[PDB]
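Have a look at the structure below, then the notes.
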């Protein structure tokens, strides 16, 4: 049990073994803007989601998720430009008698499709796929989902590991950019193997996202 | 699995990690009497007690518990004065699906109250608290039970550890004393969190006390 | 012409010659809390006041003045305790043909009197003495005003120097304290010699306060 | 500067000064009201000399060497005789509960130090130290929710007395080891009464 | 841990605390009953503050610095005069026989230490040491056949007095050099009266 | 529940999952009636002033199979307590995974303007607010009782100290 800390936040990880760095590049500051690594770099734990049998998937955009989230959300409104890597812990705590799997896919430029800002930007609650709501096995764009495993990703197979970790570097055409407008990353959690459980066990296991913005740096503060 | 031995007795401990020494003083001989450490210093395992949902607590006095217990009980009648430390293993073996907690409190001079010798001295069977029978959350004397955790104590929380160990030194105003009259120590086991279990599991888990009198020494034999 | 700077602020001082440090103690950090010297330590220039012939005086409390003032005002609400020294530049820019004088008195614990919070705390606009409104030559408490020159103070005599500077250390019974409740310092500007000017000159010269909170440090952020 | 000592802060403040006259009665069973005991919260804000001197300055620390001068007298001409009385002079520290009856629980409480002064002996005396929660007594405090020095309670310990005996206790506060901070314009003698 | 002293066991317990008020009478030949002398077995189990403090812990040792505050008064208005009385304050140690009459043999016995306190002087005082048979006072003892500290007896020595003079003696026990052992849940204030 | 065994256990069911916390404990250690009766509170009823830190400990006394997350928040002085999980999370907090660690310690720190604090303040709640929310509703396997209990402990830290004794015990 590894107990991680970032300032006024603390997390209880099993242990950071099955941790995927996206594209083998650790988040780095730009090799010019300010770096509020003081307290904006902490664990923001979103509101948990319930994975029932019927669930098709969930998705969040980054940093649109962390838009109402305290200092990062503040920084990201009162500055004009910013860039941030992330550490997404997807913990999915279930008993030994639940079974299933989750594909956790970090997606660069995750343009979804069933269009408008409020619609493409659900914030902290996230959105959900469906068989608007994009198609689950497409991620909106008419994709075959198996191919999705090109994306930086990790499986949460309940028999084995019950949590994934994705370390995302800043991916963008530009060196820095407006965060209020343009979501670099996109997280989609789809249940590969559906949930099932023993007769009168907990019929909906929870899933929790913990997002530490790594190496964030912003410019210019209004 | 640590298999402990004392002469003609043997015990199967999980391992002696969560072992509380009362008041940080290990039992010692007096720094003048005889020391029957030959065979009186062995494991005396009392008659198990069944912890149902409705149980409020149990208690034993020491050495009144070990009064009919073989050589120690003999020594402690035919000598006039004695002193003895103890090692109380409270093993409480339950499945992974039972839940609850036990506070095991070693109490110096555990004068209980609802008065007479046979009444204040239950022997090997012990007594039981009740909501005579003393009040559970008082230990007879009008105490708030949380405060009880000043006493040398240990929790047996069924999710984690299922057994406690208390190493008690000889606590008394005197250097040596009559054991037939005056019980130095007192053990009270109260269920902090009540027992509960899955639907058709074992509805009453057992609790077993194993009492090794350490560093006993007596005077004068009639 | 000395051009002073603090981050995103800049000031045009004549030159820092006639600069009074109150009680000969420069502001110091406590020899435990955080020190937001990043951007809260800047020049906050209050809304200018017009000194006509009929003016009797003005006053501000510190840090109640800087309560709606950006980061310092933020820090000073979301933290529970704080302490701050100050640098008060009172610039009073008039022509060569206006005449008069101003006594600028930094006052520890400037309890005024003609009582309630909103009344004793004017904020950024400040209050004004009168011949509620306290008595000018008393500073509310029944004082003879000449004696006021015991306070850390400076004269702005328009013939000579047209600006004062007061460097105030943190004065309080406590090492740190709640700023939302209790105003350590108090600034009172009273016209010693009344304004007068040549026939058709500017009939009301302005007075401007610039307050740099020095060595501020706060605890604990909610 | 010929030995400026006499105007040093110690020489200035540290002087015996009567701060109150506390009157108590003998527990006669006739019609004695709740004057059986006297209570007084230690405060300079009633005596003008010490107040005016302290209010030269903003903050201060000082020990406090209270001295008690008890003087009694028979009330009516039924004097006859009456045995030498004893007075309990309890110093209730700050934040502690003050007595309410002659024989409240507070008088026996271990916390509250107490003198048992016999009449016709040398004046009693304690030395309260600095009892401030702050690091200095604030005489002026611009802020929102005065400082506590304590209470002095005084009673006659004797019980079944046939003759009434009034008694006044002069408290002579002498602030000791004074330090002060941040001088101020002295308030005028005018506005204290 | 800024000078934790104030909560040290000495600072905690060692405080003057009135444990009893013993009332005696003058040997007037009128109708004076056996109130001519007062007797009191030293025991904390009546005063609640000290009891509750001691019963935090299981065992203890402490010397005992008793102090006596005597205060008298004429009973009836026939005061007139009466000469300064003297009080015999006998401390009967443990296991010794306690007085039964005003002039029992015990009052003259060499063993029993005794104070001869003159009225209107400074309060009397002795320091009983640790008088335990055990190596520590047991406040709770699970066993079969309470500890002894002694008895205090008090009388007026004067004999042929015309006027009655009641007198109360406040005993101010201050336990000194306390050591304690084996903390316990503190009993509640509820069950002491 | 009071003056029984039940007054120490906080029950965690899987009933309608509301955002209001499992518990919110104000740290006015002598003034708060809950912490008033602990041994800490007992010793603090004997003293006018105190200072220092307080370690709290929450102990899960449920099934070995149960899993979930409790968020243990600490609002500092002046801050009104959190009402929702998000507000609490944004402040200081500890996410506590029942499955992994069965206990959770938290050392509330020392914060005061004065060097000490009175134990009978001006009837003014300040300082602590130790709240505990559900981050995730508790997961249990087969027919395992969905009603668990958690216990809460408290102790002065090493730095803690008191001063100016004040006996008040009386009848």
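First chain written, first letter: the chains are A, B, C, D, E and F, and each begins at residue 1.
The rule we apply is simple: a residue touches a chain if its C-beta (ideal position, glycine included) is under 8 Å from a C-beta of that chain, and two chains touch if they have at least 3 such contacts.
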{"item": "Interface with more contacting C-beta pairs, comparing A-F to B-E", "value": "A-F"}
{"item": "Centre-most chain [mean C-alpha coordinates]", "value": "F"}
{"item": "Centroid distance [mean C-alpha coordinates] between subunit F and subunit E, Å", "value": "45"}
{"item": "Whole-Å separation of chain centres (CA-atom averages), subunit C against subunit D", "value": "41"}
{"item": "Distance between chain centroids, defined by C-alpha means - subunit B, subunit F (Å)", "value": "31"}
{"item": "Subunit B-subunit D separation of Cα centroids, rounded to whole Å", "value": "58"}
{"item": "For subunit E, residues that touch 2 or more chains besides their own", "value": "15, 49, 185-186"}
{"item": "Set of subunit A residues in contact with two or more other chains", "value": "none"}
{"item": "Overlap residues in subunit F, where contacts from two or more other chains coincide", "value": "39, 42, 65-66, 91, 114-115, 142-144, 164-165, 167, 170-171"}
{"item": "Complex contacts: residues of subunit C adjacent to subunit F", "value": "80-81, 174-178, 219-222"}
{"item": "Of subunit D, residues touching subunit C in the complex", "value": "58-59, 132, 134-138, 140-145, 182-188, 190-191"}
{"item": "Touching residues (chain side subunit E, partner subunit F) in the complex", "value": "1-4, 6-7, 11-12, 15, 48-49, 52-53, 185-186, 189, 192-193"}
{"item": "Residues of subunit B that touch subunit F when the two form their complex", "value": "56, 96-101, 131, 136-137, 144-147, 149-150, 155, 157-160, 190-194, 196-200"}
{"item": "Interfacial residue positions of subunit D with respect to subunit E in the complex", "value": "78, 80-86, 108-111, 114, 116, 118-120, 157-163"}
